[PDB]
Amino acid sequence: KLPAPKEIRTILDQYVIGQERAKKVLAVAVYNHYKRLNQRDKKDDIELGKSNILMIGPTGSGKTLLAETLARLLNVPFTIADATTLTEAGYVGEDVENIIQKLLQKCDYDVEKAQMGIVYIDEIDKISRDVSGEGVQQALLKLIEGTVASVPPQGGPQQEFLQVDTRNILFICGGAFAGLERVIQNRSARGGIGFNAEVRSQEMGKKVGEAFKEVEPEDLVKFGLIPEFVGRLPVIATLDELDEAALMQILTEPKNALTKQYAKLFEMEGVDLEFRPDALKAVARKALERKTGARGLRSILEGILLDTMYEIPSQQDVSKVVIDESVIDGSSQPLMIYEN
Amino acid sequence: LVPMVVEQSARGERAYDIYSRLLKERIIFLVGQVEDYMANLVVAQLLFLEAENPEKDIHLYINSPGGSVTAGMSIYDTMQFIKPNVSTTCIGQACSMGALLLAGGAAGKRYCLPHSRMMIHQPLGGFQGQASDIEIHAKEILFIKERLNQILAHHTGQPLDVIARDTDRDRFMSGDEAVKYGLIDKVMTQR
Amino acid sequence: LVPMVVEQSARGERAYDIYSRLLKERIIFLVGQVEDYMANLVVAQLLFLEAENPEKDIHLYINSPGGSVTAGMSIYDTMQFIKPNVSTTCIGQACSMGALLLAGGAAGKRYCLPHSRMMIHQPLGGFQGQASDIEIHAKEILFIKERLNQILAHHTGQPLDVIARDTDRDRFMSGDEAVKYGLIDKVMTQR
Amino acid sequence: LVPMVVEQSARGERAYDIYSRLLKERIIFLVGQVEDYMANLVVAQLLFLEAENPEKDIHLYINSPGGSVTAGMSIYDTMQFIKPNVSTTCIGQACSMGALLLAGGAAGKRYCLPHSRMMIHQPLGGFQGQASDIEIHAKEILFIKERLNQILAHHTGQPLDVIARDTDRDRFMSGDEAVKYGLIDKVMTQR
Ligand SMILES: Nc1ncnc2c1ncn2[C@@H]1O[C@H](COP(=O)(O)OP(=O)(O)O)[C@@H](O)[C@H]1O
Ligand SMILES: [Mg+2]
C-alpha cells in the first residue's frame, strides 16, 4: 500500500537496467495517482485531476516492461491495448468503447477495480495528422479525460450495458515516435547536411541516446498529434536505446536474466552453465545489427544453446559447458567437459 | 536534371528538390557568375530563413568566379544586416567578389577545403563616354575600391595599406595561406 | 525524355524519375563535361546521402571527358571529407579530371568495365594579359599540376616522378593496365 | 507531344507516359544518335529492370545511325554484366553502334523487322595536334577497331579476318543476309 517512490524504483530496477529518468517519473506518477483514489474524503479536495503520462522510447527500450512490472507492484487489473486497431466510428474497425470492454474483462466486471486500473495504450504515434487520424484522436480525447462506459454484458436486453466513469484510471501512453529525433534536432543545430553539420553518428542503436531529453509539446504537435491531445498528457517520460553497453548489463544482471534462466534449466541435468565476458558482448552486437534488441537475445541464445541442449541430456558426467565468443558466432561449437 | 528527394516526415511524405531540401537546413548555394537575378535569390533566401529562427546560423557555400559588384554588395550588406551569423565555406574557387562574401562571415565560422583557391584583385569596370563622364565614373570605381579594401581589413585585421598592395595584382592563396592572412579561420580536412 | 518509375513502397506509391530512384540507393551519376553547375549537384547529393546513412557506401559512376579543375576539386575534397566510402565504377571513358575522381574512391572499391578507357592529361588553362599576369598565372597552373600529381601518387601508390612522366602526354589505359598502375582495384566482367 | 496512358491497376488508376508504360514491361528504346546523356538513361533503365526481376528477359529496340563509341560500350558492357537476357529487335536502322548492340544480345533473342537495314563500318575519329599526339591517338583508334571486331566474331562466330574485311567499307545487309552472316537469329514477319 502506497509504497515510497524510492522502494518502487528499487523493485523496478531489479529488471530494468538504466531507465532512472523515466523510473522516477513513472514512480511519482503512479504514487500520486493512487493517492487520489485513496484521498476520497469530503474536504473540498475531490477536484484533483489525474495526470496521464506519455512514454516515448525506441522500440524495445523497456517501455512495456515498466508498465507490466509496475502493474504487479499494484496487484490490480492492468491491460495493454494497441492503438492501430482503433478507428473512428462509421467505418469497420475496433471502436473506442472496446478499449474499456477488454479492460473490464481483466477486471472481472467490478466497478471498484475498474476505477483503480491502469492502461498502457501502445503505438499512439501511428494515429498522426479524414479517417484513422484526427477522428480517432478526437474520439480518444473525451475517453482519456472523461467518459462513461458502455461495455455490453458478458454471456447470457440493451439496458444490461454497464457504466463506469473514466476519470480515475491512469491512461499511460507508450509510443516509438519514428522521426522525432529530427524534430528535436530542429530546435537547436538544425543542420543535418553540410560540413559543419550535426550529421547522425550512425544507423545502429546509438542514434537516440538522449535525443528525447529535450522533447517539448510543440514538437509533438508538429509531429501530427492534436494540440489538445498533447495537452491531455502533461508528463512525457523518456527511455534510452538499450545499446551494447546496456545489453551486456542486461544479460546477467537482471533477476530474470536469460543466463540465469538458462543456467537453472542446465543445472537440473547437472551441467554448470558458464559464459565468457566477451561471449555475452558478442550476442549484444548480433542483436543490435539484427534490430531485434531485447527480443533478439532469446532467439540468438537458443540458436547457440538448443543445439547442445538436445545432446547434454543424452550425455552423462557433464560438468560444464563453456560458451566462447567464437561459439556465439558460427565458427566453433560450445566447449563442454564431457568427463567431469 | 535536378534530382528529387523525399522528406518522409511524420506528417506525411513530401517531395523536395535537392536544393530545397538543403535550404530547409539553412544552406544557401552561390554558384556561377554573380548577377542581380541570382544574387537576389540569395537575399530572399537569407530573409526567409531569418524569420524562421533569427538565432540559428545560416550556412553559405561560395563557388563563383565573380561578377557584378553591386549584386555582391547586396549579399554582404544583407548578411551583416540580419541578426543570425552567416557561416561561409568556400568550395572550389573564390574570386574577388567571391572572397568578399567568404570574409564577411561571422568570426570563427569561415571555412574552406584543402584544395580551395582564393583570389583577390582590383574591381573591374568599363564605360564609354565623354571626358567629363569618364572623370565621374573613375572617381566612383576608385571610391568603391577603397570600401572593398576597408571591408577586408576589418574582417582580416590586416593593415589597409597591405590589403591595397596585395589587391593591386591577382594573388592566389591556399587554405593555409588564407588562415595566416585572416581571410578564414579554419581549413576543414575530415569529419 | 526521362522516364518515370514507381517504387511501390508499403506506405504507398510515389513517382520517381529514373535518376531520383537510383539516388535513394546512394547512387550518383556524373555525365558530361565537368562544370560548376553540374558539380554542385554532386556535392549536394553526396552531402545529402551522408545524413540518411553515414555508414553505407556510395557508388559514383564516372563517364565524363573532363572539364573545370576547380569544379572537380570540390567533388574530390567532398568525397574524402565525408565518412562514407565512395565507390567508383568507371563506365565509358574517364579523362584527366574523370580519372582523378575514379582514383579518389575508397580503397578496394574502385572498379571499371572491360571496354573502359582511362586517360590522364595535364591540366588545361588559358589566360591573356601582361607579362606580370602571365608569370602570376603560370605559377598557379604549375602549382595545381603538382597537387594533382600528389593525389594520384597517394591513391595509386606510384612515385611522384612516374606520375609527372606519364601525365606529360596522353596515356590510354585499359582495365587490366589500370589495375597494375593502381588507378583501380578490380575489373568487373559479369555478376 | 508525348501522349499519356492509364494503366488502371487493381489498386487504382495511374497515369504514365507512353514510354514509361512500356518500361514497366522491360522494354527500352534507343533512338537517335548515341551520346553520353541518352546512353546513361539506357544504363539506368537496364539496372532498374534488373532489380525488379533479374530473371525476366529485357527487350531493347535499336533505331540509331550510330554515335559515340564510348557511350555504346557502356551499354554493351552493361547488357552482358547483368543477369537477365537482353533481347534486341532492329526496327529499321543500325549503322555502327546499332549493329554492335543488336549483335550483342542473348543468343536466340536477336530479331529484325522484315524491311530493316543493318550496316557495319569501322569507327570514325577526328583529332588534331602534334605528330606525337597523332601517333598516340592513332594507336588508340586502331586498338578500338580490333576490340570491336573481336566482339562481332564472338557473337556472330565468323573469323576475325572476315569481319575486318567487311568493315573496311560500308556494307549493307538485309534481314535474310544478316541471319546467314550471324548478326541475328530470326526475322520476325507476323505474330
Ligand atoms: N532492461 C530489460 N530487462 C529485461 N527485459 C527487457 C529489458 N528491456 C526490454 N526487455 C524486454 O523487451 C520486451 C519488449 O518490451 P518493451 O521494450 O517494453 O517495448 P516493446 O514491447 O515495444 O519492444 C519485453 O518483453 C521485455 O522482456
Ligand atoms: Mg514488450
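Residues numbered from 1 in each chain as written, not as in the entry; some residues may be left out. Chains lettered and ligands numbered in written order. Part of a larger assembly, values for the part shown. Heavy atoms only, no water.

In the nomenclature of the PDB entry, chain B is known as ATP-dependent Clp protease proteolytic subunit of Pseudomonas aeruginosa. As deposited in the PDB, this entry carries the title "Cryo-EM structure of the endogenous ClpP1/ClpP2 heterocomplex from Pseudomonas aeruginosa bound to the AAA+ ClpX unfoldase". We quote the UniProt Subcellular location (unreviewed entry) comment for chain B here in full: "Cytoplasm". (UniProt positions renumbered as here; feature names shortened; annotations may be inferred.)

Looking at the PDB entry, one finds chain A named ATP-dependent Clp protease ATP-binding subunit ClpX and attributed to Pseudomonas aeruginosa. Under Function (unreviewed entry), UniProt gives the following word-for-word description of chain A: "ATP-dependent specificity component of the Clp protease. It directs the protease to specific substrates. Can perform chaperone functions in the absence of ClpP." The Subunit (unreviewed entry) field of the UniProt record for chain A holds the comment "Component of the ClpX-ClpP complex. Forms a hexameric ring that, in the presence of ATP, binds to fourteen ClpP subunits assembled into a disk-like structure with a central cavity, resembling the structure of eukaryotic proteasomes."

A. Examining the relation of the copies chain C and chain B more closely. With an RMSD of 0.3 Å, chain C superimposes on chain B once it is rotated by 52° and translated 0.3 Å along the axis. Here only 3% of the interface residues in chain C have copies in chain B that are interface residues too; the copies meet through unlike faces. (Least-squares fit on C-alpha atoms. Contact = heavy atoms within 4.5 Å.)

B. Region of interest: the interface of chain C and chain B. Contact residues are listed per partner, giving 35 residues for chain C and 32 residues for chain B. Summing both partners gives a buried area of about 3300 Å² for chain C against chain B, and 61% of it is carried by carbon and sulfur. If you sort the residues of chain C by the area they bury against chain B, C:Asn40, C:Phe48 and C:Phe81 come out on top, with a joint share of 19%. The tally of links between chain C and chain B comes to four salt bridges. A salt bridge links B:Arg191 to C:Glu50; the nearest nitrogen and oxygen atoms lie 2.5 Å apart. Linking chain C with chain B are 10 residue pairs in polar contact. Looking at the side of chain C that touches chain B, the elements that each hand over two or more residues are β2 (15–17), α1 (18–23), α2 (36–52), α3 (69–81) and α5 (131–156) of chain C. (Buried area = accessible area lost by both parts, 1.4 Å probe. Salt bridge = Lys/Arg side-chain N within 4 Å of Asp/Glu carboxyl O. Polar contact = N/O pair within 3.5 Å; in protein donor to acceptor, adjacent residues only side chain to side chain. Helix = DSSP H or I, 4+ residues; strand = E, 2+ residues; numbered from the N terminus.)

C. Structural view of the packing of helix α2 (residues 20–38) of chain A against helix α3 (residues 63–74) of chain A. All names here are of chain A. Where α2 meets α3, the closest approach of the two axes is 12 Å, and the angle between their N-to-C directions is 40°. You can see that α2 and α3 cross each other, and the crossing is right-handed. Only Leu66, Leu70 and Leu74 of α3 make contact with α2, whose side of the interface consists of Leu26, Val30 and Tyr34. A class-by-class count of the residues in the contact of α2 with α3 yields six nonpolar, no polar and no charged. (Axes fitted to C-alpha atoms, helices over the stretch in contact; angles between N-to-C directions. Left-handed = near helix turned anticlockwise from the far one by under 90°. Nonpolar A, V, L, I, M, F, W, Y, C, P; charged D, E, K, R; others polar.)

D. Representation of the UniProt feature "active site" (unreviewed entry) in chain B in the model. Residue and element names in this part refer to chain B. Per the UniProt entry, the sites bearing "active site" (unreviewed entry) are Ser96 and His121 in this numbering. These annotated residues cover 26 residues of sequence, and their C-alpha atoms all fall within 5.7 Å of one another, placing them together at a single site. As for the lining of the largest cavity, the annotated residues named previously contribute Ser96 and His121. For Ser96, the contacting residues outside a window of four places in its chain are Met119, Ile120 and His121. Assignment of secondary structure puts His121 in the loop between β7 (117–120) and α5 (131–156). Ignoring any residue separated from it by four or fewer positions in sequence, one finds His121 in contact with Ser96, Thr167 and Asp170. In terms of polar contacts, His121 uses its side chain to reach the side chain of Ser96, at 3.4 Å. (1 Å grid on protein atoms, 1.4 Å probe; cavity = no way out; pocket = protein on both sides within 12 Å on 5 of 7 lines; lining within 4 Å.)

E. Summary view of the relation of the copies chain D and chain C. Superposing chain D onto chain C takes a rotation of 51° plus a shift of 0.1 Å along the axis, which leaves an RMSD of 0.3 Å. Each copy contacts the other with its own distinct surface, as only 6% of the interface residues of chain D are interface residues in chain C too.

F. Up close: the layout of surface pockets. Size it by volume and the second largest pocket reaches roughly 850 Å³. Every residue lining the second largest pocket is counted, 35 residues in all, and those nearest its centre are B:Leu1, B:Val2, C:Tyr37, C:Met38 and C:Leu41. Among the elements of the structure, α1 (18–24), β3 (27–31) and α2 (36–52) of chain B, α1, β3 (27–31) and α2 of chain C together with α2 (36–52) of chain D are those that each provide at least two residues to the lining of the second largest pocket. Residue contributions to the lining of the second largest pocket peak at six residues, all from α2(C). Per-class residue counts for the lining of the second largest pocket are 26 nonpolar, six polar and three charged. (Points joined across faces, edges and corners; volume = space filled by probe spheres on them.)

G. Expanded view of the pairing of strand β5 (residues 272–275) of chain A. Residues and elements named next belong to chain A. In β5, alternate side chains face the same way, and those of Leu273 and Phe275 are buried while those of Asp272 and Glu274 on the opposite face are not. In the sheet, β5 pairs with strand β6 (residues 320–323) via four bridges, with the strands oriented parallel. Bridging from a neighbouring strand, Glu274 pairs with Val322 of β6. (Buried < 20%, exposed > 50% of the residue type's maximum accessible area, 1.4 Å probe, protein only. Pairing = 2+ DSSP bridges.)

H. Region of interest: helix α6 (residues 160–167) of chain C. Residue and element names in this part refer to chain C. Along α6, the residues classified as buried are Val162, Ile163, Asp166 and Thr167. Relative to the axis of α6, the buried residues are bounded by an arc of 125° and lie together on one face. Exposed residues lying more than 90 degrees from the buried face of α6 are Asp161 and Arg165. Contacts from the buried residues of α6 go to β7 (117–120), α5, β8 (171–173) and α7 (175–181). (Arc of directions from axis to C-beta.)

I. Quick peek at the side chain of B:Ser64. Residue and element names in this part refer to chain B. Among the structural elements, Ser64 can be located in strand β4 (residues 58–64). At 2.5 Å, the side chain of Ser64 forms a polar contact with the backbone oxygen of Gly32. In terms of polar contacts, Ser64 uses its side chain to reach the backbone amide nitrogen of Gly66, at 3.2 Å.

J. Local environment of unusual backbone geometry. One non-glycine residue with positive phi stands out, namely A:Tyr109, at about 65°. With respect to the helices and strands, the residue A:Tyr109 is situated in the loop between α4 (96–107) and α5 (111–115). The exposure class of A:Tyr109 is partly exposed, given its relative accessible area of 22%. The phi dihedral of B:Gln8 falls on the positive side, at around 60°, and the residue is not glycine. Inspection of the secondary structure puts B:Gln8 in the loop between β1 (4–6) and β2 (15–17). Its relative accessible area of 42% is what places B:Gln8 among the partly exposed residues.

K. Main features of the site of ligand 1. All names here are of chain A. As a matter of local geometry, ligand 1 sits amid 13 residues, with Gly60, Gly62, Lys63, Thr64 and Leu65 nearest to it. Here an oxygen atom of ligand 1 and a side-chain polar atom of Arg295 are 3.5 Å apart. Burial of ligand 1 by the surrounding chains reaches 75%, relative to a free accessible area of 540 Å². Among the elements of the structure, α3 and α13 (293–309) are those that each provide at least two residues to the shell around ligand 1. Among the elements that take part in the shell around ligand 1, α3 stands out by supplying three residues, more than any other. The residue makeup of the shell around ligand 1, split by class, is seven nonpolar, four polar and two charged. (Near = heavy atom within 4 Å. Areas by Shrake-Rupley, 256 points an atom, 1.4 Å probe, with all protein chains shown as cover.)

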